[PDB]
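The structure under discussion appears below in the form of structure tokens.
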Amino acid sequence: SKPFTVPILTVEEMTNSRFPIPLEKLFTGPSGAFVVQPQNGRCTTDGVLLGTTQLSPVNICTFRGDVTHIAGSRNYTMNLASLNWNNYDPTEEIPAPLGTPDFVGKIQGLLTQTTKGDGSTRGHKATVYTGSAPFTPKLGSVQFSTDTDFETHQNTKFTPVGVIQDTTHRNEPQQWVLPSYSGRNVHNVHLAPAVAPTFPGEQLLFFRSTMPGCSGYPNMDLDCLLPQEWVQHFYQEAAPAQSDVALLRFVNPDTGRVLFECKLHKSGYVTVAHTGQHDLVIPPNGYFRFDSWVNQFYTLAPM
Amino acid sequence: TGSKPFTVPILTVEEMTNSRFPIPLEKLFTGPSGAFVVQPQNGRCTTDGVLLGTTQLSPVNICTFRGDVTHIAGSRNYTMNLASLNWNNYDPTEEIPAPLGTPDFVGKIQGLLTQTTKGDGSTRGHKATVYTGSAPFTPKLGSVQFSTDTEXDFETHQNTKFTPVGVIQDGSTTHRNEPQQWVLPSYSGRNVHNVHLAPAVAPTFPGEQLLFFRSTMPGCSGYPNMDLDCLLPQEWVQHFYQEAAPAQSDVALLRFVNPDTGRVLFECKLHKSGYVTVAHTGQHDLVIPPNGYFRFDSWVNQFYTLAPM
Ligand SMILES: CO[C@@H]1O[C@@H](C)[C@@H](O)[C@@H](O)[C@@H]1O
Ligand SMILES: CO[C@@H]1O[C@@H](C)[C@@H](O)[C@@H](O)[C@@H]1O
Ligand SMILES: [Mg+2]
Ligand SMILES: [Mg+2]
């Protein structure tokens with residue numbers, strides 16, 4: 001069987017799988033009390049994509065389609081196309097279009113458009129409210145608010161940049177609250193499962209970034225379960241799993257020594273032996289290395 | 001056994017990222033260089049994993065800037081004192097052309113400037129443009145200038161980020177006159193030469209042309225030329241950097257394959273210094289299936305004649 005491996009890039013060389021920004025650090029904390037169920041950055045170790053996960057680091061939280069103006073405001077409805085401008089199929093057995101935001105919050109960026117006939121172009125600051133009633137990406141449409149021009153039947157793109165807040169500080173975004181992908185009073189479908197440590201003394205290990213803030217006092221923490229480069233790697237390699245748990249070691253090349261070890265579960269998430277909230281202190285050139293497949297009762301050395 | 005076998009990723013063109021701007025690839029393109037010299041500085045990496053020019057590993061940090069800013073109380077423009085991509089101090093004596101990820105073409109790049117005040121976590125963001133052909137574009141010296149749409153609110157001594165979105169055109173009656181993707185900026189200003197560049201590339205074998213990985217940059221105003229060609233997908237850069245497989249000649253023979261059927265559509269040469277050539281004549285958007293991908297066959301000699309494509 002093809003040997004399993006993980007990418008050897010450092011944390012700072014890899015990308016968050018839930019927003020198009022670099023990873024910055026590793027974090028662990030208790031989460032047994034709440035539900036961890038992100039839909040981007042979900043992939044098994046043998047390469048099966050889950051949830052709304054797709055392969056491009058720059059298409060996360062983007063939208064493409066045509067727009068129509070909502071009379072008496074600066075708001076536009078976008079009729080969604082696929083990530084490569086084909087028709088969007090709402091019957092596919094996924095929660096929402098691939099790359100759809102998987103948290104409730106106000107995402108700010110630029111809405112841009114090109115007119116086919118003459119190549120004229122235009123761009124305006126815009127915000128999408130993923131908690132709002134018109135946020136119905138599974139049905140094929142979302143709404144943007146703008147600050148200011150957009151034509152009908154012309155290709156239009158939202159490029160995300162960051163998040164806003166607008167009361168009590170850091171109350172939004174809520175990175176662990178899923179949007180309602182079909183809107184009010186419709187339950188979500190085909191979700192990737194919630195994850196949690198199943199072994200005593202363990203916690204999830206998160207790959208953490210800080211989202212840019214564009215207004216107010218947002219909570220800018222964003223944790224993903226797998227780097228986007230790991231998703232890309234497992235998808236291509238499709239190496240068979242020889243157990244439910246891949247043991248990884250995090251290595252400091254300056255000394256050759258292992259800093260900590262962790263479990264990469266076959267269904268696509270990492271746990272460590274730690275109790276409490278902890279920002280890991282790592283060497284910037286450290287990397288992860290697969291060492292062996294282990295059984296269900298393997299006890300990690302304390303992180 | 002022997003040398004580690006060389007490979008390229010199996011991702012399709014449409015699943016990969018442009019190495020010169022943070023957008024997906026769309027198609028393949030070939031043409032003669034014409035009046036321009038092809039010397040891009042992002043997306044430059046040897047097949048055994050040596051990064052060149054301003055190339056770095058993150059697909060989303062391409063054409064970004066980070067640092068602190070200063071206004072003038074008589075203009076909407078801000079000067080940014082540059083830091084490196086992980087907020088480390090940027091040293092102008094480092095042997096690189098400019099901070100890694102700096103734009104490598106002359107044009108007007110629009111995006112958002114954003115900032116967080118460390119003390120209380122207050123944040124702000126405004127549309128901003130950087131003209132990489134302008135005299136204040138001096139990233140090798142550690143500063144660039146941005147024009148913003150509103151008179152002021154950005155604070156001094158606070159971390160500030162530019163996220164690129166697309167390109168604009170203005171100040172011309174001729175459409176699509178800018179950006180000029182093969183004209184390098186003057187990273188220290190026009191009366192100083194650029195340094196430590198990744199070299200220019202060109203087909204060296206009779207009847208061959210460069211093969212490019214092409215995207216269309218978003219346009220944000222005016223009538224810009226939105227074509228953007230790179231020599232290697234960003235995912236190929238990441239792959240070679242990790243694998244560091246030795247090159248066993250100057251040229252790797254690759255085949256481009258349709259996955260739906262497995263059949264070979266054309267063959268090409270991946271030169272060990274990090275660019276691709278094909279046997280073709282003319283300036284053309286290639287007709288390929290969207291899901292096509294490349295596979296390494298063998299290291300070939302310098303006098304190998306490719307089958308025409
Ligand atoms: C509401 O205004 C926006 O948010 C505030 C908290 C400030 O950070 C201000 O500079 C910014 O423009
Ligand atoms: C100058 O104005 C900008 O460029 C023009 C060519 C138009 O596309 C217009 O919609 C856009 O706002
Ligand atoms: Mg340990
Ligand atoms: Mg051929």
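Please note that chains go A, B, ... in the order of the structure tokens, that every chain numbers its residues from 1, and that ligands are numbered from 1 in the order shown.
Residues with any atom within 7 Å of stretch 196-206 of chain A, counting only C-alpha atoms and excluding same-chain neighbours fewer than 2 positions away, are residues 26, 27, 28, 29, 30, 32, 194, 208, 223, 224, 225, 270, 271, 272, 273, 274 and 275 of chain A.
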- Task: Give as a VMD selection string the residues surrounding ligand 2 up to a distance of 9 Å, considering only C-alpha atoms and all ligand atoms.
- Result: (chain A and resid 113 to 115 119 to 124 149 to 151) or (chain B and resid 168 to 170 219 to 223)
- List all protein, DNA and RNA residues that have at least one atom no more than 6 Å from any atom of ligand 3, counting only C-alpha atoms and all ligand atoms, and write them as number ranges by chain. A: 260-261, 301-303
- Task: Any chance you could list, as a PyMOL selection string, the residues in stretch 204-303 of chain B that come up alpha helix (DSSP H) when DSSP is run on the backbone?
- Result: chain B and resi 234-243
- Query: For chain B against chain A, which residues fall within 8 Å using only C-alpha atoms, given as a PyMOL selection string?
  - Reply: chain B and resi 9-11+14-17+22-24+57-61+86+111-112+114-116+121-127+163+165+168+218-224+242
Keeping C-alpha atoms for every residue in the selection just given, could you write it to a file as a compact mmCIF listing (two decimals), in the first residue's frame?
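Result saved to again30.txt:
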# COMPACT_ATOMS: atom_id res chain seq x y z
CA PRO B 9 0.98 17.20 -8.43
CA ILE B 10 -2.05 15.52 -10.02
CA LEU B 11 -4.40 18.46 -9.33
CA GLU B 14 -8.78 24.46 -12.49
CA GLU B 15 -7.99 23.05 -9.02
CA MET B 16 -4.69 24.98 -8.77
CA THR B 17 -3.73 28.57 -7.93
CA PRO B 22 -4.18 34.89 -5.33
CA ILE B 23 -6.75 33.56 -7.79
CA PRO B 24 -7.49 30.18 -9.40
CA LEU B 57 5.06 29.42 -0.18
CA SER B 58 1.63 30.87 0.73
CA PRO B 59 -0.95 31.22 -2.06
CA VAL B 60 -2.87 33.90 -0.18
CA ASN B 61 0.16 36.12 0.65
CA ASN B 86 4.99 37.09 9.29
CA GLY B 111 -7.89 45.81 -2.57
CA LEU B 112 -8.58 46.68 1.08
CA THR B 114 -7.23 46.86 7.16
CA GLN B 115 -5.95 47.62 10.64
CA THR B 116 -6.43 46.49 14.24
CA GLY B 121 -9.16 45.25 19.34
CA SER B 122 -10.94 48.02 17.41
CA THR B 123 -10.70 47.55 13.64
CA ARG B 124 -11.13 49.47 10.38
CA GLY B 125 -10.90 48.84 6.66
CA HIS B 126 -10.91 50.95 3.50
CA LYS B 127 -10.63 50.45 -0.24
CA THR B 163 -5.31 42.31 0.79
CA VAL B 165 -8.48 41.89 -5.01
CA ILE B 168 -7.76 48.94 -12.43
CA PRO B 218 -10.71 40.67 -11.32
CA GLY B 219 -11.14 44.21 -12.66
CA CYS B 220 -12.20 46.96 -10.24
CA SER B 221 -12.41 50.08 -12.48
CA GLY B 222 -11.79 51.15 -16.06
CA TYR B 223 -10.75 48.86 -18.94
CA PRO B 224 -7.76 46.85 -17.67
CA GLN B 242 8.82 19.82 0.06
Selection: 9 Å around residue B:44, only C-alpha atoms, excl. self and same-chain fewer than 2 positions, as a PDB file with C-alpha atoms, in the first residue's frame:
ATOM      1  CA  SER B  19       1.572  31.877  -8.379  1.00  0.00           C
ATOM      2  CA  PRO B  40       8.466  37.150 -13.380  1.00  0.00           C
ATOM      3  CA  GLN B  41       9.646  37.024  -9.781  1.00  0.00           C
ATOM      4  CA  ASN B  42       6.736  35.213  -8.115  1.00  0.00           C
ATOM      5  CA  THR B  46      13.590  24.934  -9.390  1.00  0.00           C
ATOM      6  CA  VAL B  50      15.008  26.058  -4.549  1.00  0.00           C
ATOM      7  CA  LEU B  51      12.877  29.210  -4.344  1.00  0.00           C
ATOM      8  CA  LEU B  52      13.901  32.163  -6.540  1.00  0.00           C
ATOM      9  CA  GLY B  53      13.108  35.852  -6.899  1.00  0.00           C
ATOM     10  CA  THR B  54      10.421  37.059  -4.494  1.00  0.00           C
ATOM     11  CA  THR B  55       8.773  33.657  -4.324  1.00  0.00           C
ATOM     12  CA  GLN B  56       7.285  32.371  -1.062  1.00  0.00           C
ATOM     13  CA  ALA B 198      15.139  35.161 -10.854  1.00  0.00           C
ATOM     14  CA  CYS B 230       2.525  32.230 -14.501  1.00  0.00           C
ATOM     15  CA  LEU B 231       5.348  29.770 -15.136  1.00  0.00           C
ATOM     16  CA  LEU B 232       4.360  27.260 -12.370  1.00  0.00           C
ATOM     17  CA  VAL B 237       6.084  25.413  -6.022  1.00  0.00           C
ATOM     18  CA  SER B 273      15.115  25.807 -13.484  1.00  0.00           C
ATOM     19  CA  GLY B 274      11.314  25.962 -13.355  1.00  0.00           C
ATOM     20  CA  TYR B 275       9.361  26.690 -16.572  1.00  0.00           C
TER      21      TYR B 275
END
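By chain and then residue number, the residues within 6 Å of residue B:162 are residues 64, 65, 112 and 113 of chain B, counting only C-alpha atoms and disregarding those fewer than 3 positions away in sequence.
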Those selected residues, please, written with N, CA, C and O atoms and delivered as a PDB file, in the first residue's frame.
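Below is the file that was written, part-v5.pdb:
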ATOM      1  N   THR B  64       0.341  40.696  -1.267  1.00  0.00           N
ATOM      2  CA  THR B  64      -0.029  41.352  -0.020  1.00  0.00           C
ATOM      3  C   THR B  64       1.110  42.234   0.475  1.00  0.00           C
ATOM      4  O   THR B  64       2.270  42.059   0.102  1.00  0.00           O
ATOM      5  N   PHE B  65       0.747  43.194   1.323  1.00  0.00           N
ATOM      6  CA  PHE B  65       1.704  44.010   2.059  1.00  0.00           C
ATOM      7  C   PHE B  65       1.280  44.103   3.516  1.00  0.00           C
ATOM      8  O   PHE B  65       0.094  44.127   3.827  1.00  0.00           O
ATOM      9  N   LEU B 112      -8.250  45.983  -0.157  1.00  0.00           N
ATOM     10  CA  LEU B 112      -8.582  46.678   1.083  1.00  0.00           C
ATOM     11  C   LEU B 112      -7.353  46.792   1.970  1.00  0.00           C
ATOM     12  O   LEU B 112      -6.571  45.844   2.098  1.00  0.00           O
ATOM     13  N   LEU B 113      -7.168  47.974   2.552  1.00  0.00           N
ATOM     14  CA  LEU B 113      -6.291  48.148   3.701  1.00  0.00           C
ATOM     15  C   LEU B 113      -7.110  47.932   4.966  1.00  0.00           C
ATOM     16  O   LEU B 113      -8.193  48.510   5.114  1.00  0.00           O
TER      17      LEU B 113
END
- Which parts of stretch 97-213 of chain B does DSSP call strand (DSSP E) when run on the backbone here, written out as JSON, numbers by chain? {"B": [108, 109, 110, 111, 112, 113, 114, 115, 116, 123, 124, 125, 126, 127, 128, 129, 130, 131, 143, 144, 145, 146, 147, 148, 160, 161, 162, 163, 164, 165, 166, 167, 168, 208, 209, 210, 211, 212, 213]}
